[PDB]
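A structural walkthrough
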Amino acid sequence: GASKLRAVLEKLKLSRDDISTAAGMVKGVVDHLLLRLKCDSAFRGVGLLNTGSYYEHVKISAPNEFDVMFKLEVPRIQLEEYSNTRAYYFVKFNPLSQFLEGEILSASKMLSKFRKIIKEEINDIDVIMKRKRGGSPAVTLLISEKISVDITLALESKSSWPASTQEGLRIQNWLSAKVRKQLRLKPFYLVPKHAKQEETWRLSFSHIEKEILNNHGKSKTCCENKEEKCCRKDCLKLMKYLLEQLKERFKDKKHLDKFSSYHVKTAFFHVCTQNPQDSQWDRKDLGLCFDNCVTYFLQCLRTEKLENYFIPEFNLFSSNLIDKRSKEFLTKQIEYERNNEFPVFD
Ligand SMILES: CCCc1cc(=O)n2nc(NCc3ccc(-c4ccccc4)cc3F)nc2[nH]1
Ligand SMILES: [Zn+2]
């Protein structure tokens with residue numbers, strides 16, 4: 001059918017929409033941090049990645065877990081690709097001079113002061129800070145009991161996208177070549193991240209993702225007739241929720257640890273490329289459309305191939321990233337869900 005899936009999406013929608021003081025608590029903390037960082041020599045160009053009043057919830061089942069990004073513009077950037085990894089880069093070349101080690105911008109130093117400044121502002125305020133191996137997210141704050149906020153520091157570059165993206169973002173037959181060109185004129189972001197430990201940064205395009213999801217049809221009027229939607233966004237929510245529920249179901253074992261929403265999002269956008277017509281996403285076909293997505297993700301697990309949507313030579317499912325045993329384990333869980341009308345969805 002398609003009836004149970006609607007009930008799941010309705011539950012998720014009402015949980016997200018219900019009245020809550022959490023966004024206001026998060027806002028007060030964030031505004032406090034931004035004011036403090038702006039009067040520091042290294043962070044005076046810092047600001048929120050998106051200045052909307054609705055915060056980012058990466059975990060679709062967790063309305064008390066917030067994700068925020070602080071962006072810092074860096075003029076005249078020089079990038080050097082690290083170890084042929086396509087997605088990881090040294091930063092070379094002003095205010096960030098204090099973090100150089102040679103010609104190379106040190107992420108770990110920059111995070112240390114970012115953390116320290118945030119640490120000394122938290123005490124000035126019911127907020128607590130936790131350091132855990134990371135840096136993207138750089139800092140996790142906890143507000144009262146339930147509310148948590150991940151803060152990521154990102155560099156912004158307004159120069160052309162790196163060569164590794166030249167053949168990515170293959171939306172030309174879905175969103176048009178005109179739109180691909182406008183999107184590629186937008187800035188790109190870099191977040192501190194190791195590939196496996198050097199001073200490397202990873203390309204981040206979460207603003208492009210958000211723009212496409214809000215203007216996602218082949219037809220420009222897609223989903224504007226509010227009673228005859230497409231089901232693209234619902235399919236992506238369902239895929240996100242499937243992985244989150246399986247990860248929770250098996251938090252005691254380790255096999256699903258390396259999977260994240262990047263993997264589900266990526267597979268979904270490949271199915272959007274595969275199926276560019278809005279008629280392939282009719283809301284009546286929610287169940288069949290979700291099954292296309294599930295089926296494609298399962299093909300990717302079995303072939304151990306999932307190309308990054310922006311950098312096609314980066315294989316998210318390579319065996320050095322996620323080993324065979326872990327991919328084979330997620331395959332069997334998903335095919336049990338698929339064959340039993342998704343028990344995690346009730
Ligand atoms: C719209 C499709 C989804 C999407 C959103 C977004 O914001 N971005 N941002 C990049 N940047 C490039 C990039 C990012 C992460 C990883 C990665 C991830 C896990 C493990 C290892 C490596 C590999 C990469 F090549 N890719 C994406 N895809
Ligand atoms: Zn639509």
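Residues numbered from 1 in each chain as written, not as in the entry; some residues may be left out. Chains lettered and ligands numbered in written order. Heavy atoms only, no water. Residues with missing side-chain atoms left out of burial classes, pairs and counts.

X-ray crystallography is the method the PDB entry states for this structure, with the resolution given as 1.9260 Å.

Going by the annotation in the PDB entry, the name recorded for the protein is Cyclic GMP-AMP synthase, with Homo sapiens given as the source organism. The record deposited in the PDB is entitled "Crystal Structure of human cyclic GMP-AMP synthase in complex with 2-[(2-fluoro-4-phenylphenyl)methylamino]-5-propyl-4H-[1,2,4]triazolo[1,5-a]pyrimidin-7-one". The Sequence similarities comment attached to the protein in UniProt states, word for word, "Belongs to the mab-21 family." (UniProt positions renumbered as here; feature names shortened; annotations may be inferred.)

**Here's the deal with the site of ligand 1**
Surrounding ligand 1, one finds 16 residues, the nearest of these being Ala-87, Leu-203, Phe-205, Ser-206 and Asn-308. At 3.1 Å from a nitrogen atom of ligand 1 is found a main-chain nitrogen or oxygen belonging to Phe-205. The separation between a nitrogen atom of ligand 1 and a polar side-chain atom of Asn-308 is 3.0 Å. Coverage of ligand 1 by the protein chains reaches 93% of its 600 Å² of free accessible surface. Elements with a contribution of two residues or more to the shell around ligand 1: β11 (201–204), α5 (206–213) and α7 (261–274). Considered class by class, the residues forming the shell around ligand 1 number 10 nonpolar, four polar and two charged. There are two domains that each give the shell around ligand 1 at least three residues, and those are domain 1 (1–14 + 161–187 + 205–346) and domain 2 (15–160 + 188–204). (Near = heavy atom within 4 Å. Polar contact = N/O pair within 3.5 Å; in protein donor to acceptor, adjacent residues only side chain to side chain. Areas by Shrake-Rupley, 256 points an atom, 1.4 Å probe, with all protein chains shown as cover. Helix = DSSP H or I, 4+ residues; strand = E, 2+ residues; numbered from the N terminus. Nonpolar A, V, L, I, M, F, W, Y, C, P; charged D, E, K, R; others polar. Domains from an automatic or database assignment.)

**Considerations on the UniProt feature "binding site: 2',3'-cGAMP" in the protein**
The positions UniProt marks with the feature "binding site: 2',3'-cGAMP" are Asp-67, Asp-150, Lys-193 and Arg-202. Its location among the elements puts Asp-67 in strand β2 (residues 65–73). Those residues in contact with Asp-67 that lie beyond four places of it in its chain are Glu-56, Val-58 and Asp-150. Residue position: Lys-193 is located in the loop between β10 (188–192) and β11. Here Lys-193 falls in the partly exposed class, since its relative accessible area comes to 29%. (Contact = heavy atoms within 4.5 Å. Buried < 20%, exposed > 50% of the residue type's maximum accessible area, 1.4 Å probe, protein only.)

**Points about helix α3 (residues 107–122)**
Taking 1.5 Å per residue, 16 residues should reach 22 Å; α3 reaches 22 Å between its end C-alpha atoms and fits that length. Taken residue by residue, α3 has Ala-107, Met-110, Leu-111, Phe-114, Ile-117, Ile-118, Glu-121 and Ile-122 as its buried positions. Axial view of α3: buried residues confined to an arc of 140°, hence all on one face. (Expected span 1.5 Å × (residues − 1). Arc of directions from axis to C-beta.)

**Regarding the domain arrangement of the protein**
Domain boundaries assigned for the protein yield domain 1 (1–14 + 161–187 + 205–346) and domain 2 (15–160 + 188–204). Spacing between the C-alpha centres of domain 1 and domain 2 amounts to 25 Å. If you look at the interface, domain 1 gives 23 residues, while domain 2 gives 27 residues. Inspection of the region where domain 1 meets domain 2 yields two salt bridges. Residue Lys-210 is joined to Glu-56 by a salt bridge in which the shortest nitrogen-to-oxygen separation is 3.4 Å. At the surface where domain 1 touches domain 2, the tally comes to 13 residue pairs in polar contact. Class assignment for the residues of the side of domain 1 that touches domain 2 results in 10 nonpolar, five polar and eight charged. (Salt bridge = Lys/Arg side-chain N within 4 Å of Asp/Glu carboxyl O.)

**Some remarks on the layout of surface pockets**
The rolling of a water-molecule-sized probe over the atoms marks out the regions of remaining empty space. Put simply, the second largest pocket is a space of about 280 Å³. Along the walls of the second largest pocket sit 13 residues, with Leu-175, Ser-176, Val-179, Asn-215 and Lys-220 positioned nearest its centre. The element that contributes the greatest number of residues to the lining of the second largest pocket is helix α4 (residues 177–184), accounting for four residues. Per-class residue counts for the lining of the second largest pocket are four nonpolar, five polar and four charged. (1 Å grid on protein atoms, 1.4 Å probe; cavity = no way out; pocket = protein on both sides within 12 Å on 5 of 7 lines; lining within 4 Å. Points joined across faces, edges and corners; volume = space filled by probe spheres on them.)

**Here we look at the environment of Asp-346**
Residue placement: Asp-346 occurs in the segment after α9 (324–339). Side chain to side chain, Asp-346 and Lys-4 meet in a polar contact 2.4 Å long.

**Describing the pattern of salt bridges**
The final tally for this structure, using the stated rule, is 21 salt bridges. Residues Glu-313 and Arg-86 are paired through a salt bridge, measuring 3.5 Å at the closest nitrogen-oxygen approach. Given the relative accessible area of 28%, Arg-86 is considered partly exposed. Between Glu-248 and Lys-251 there is a salt bridge, with the nearest N and O atoms lying 3.3 Å from each other.

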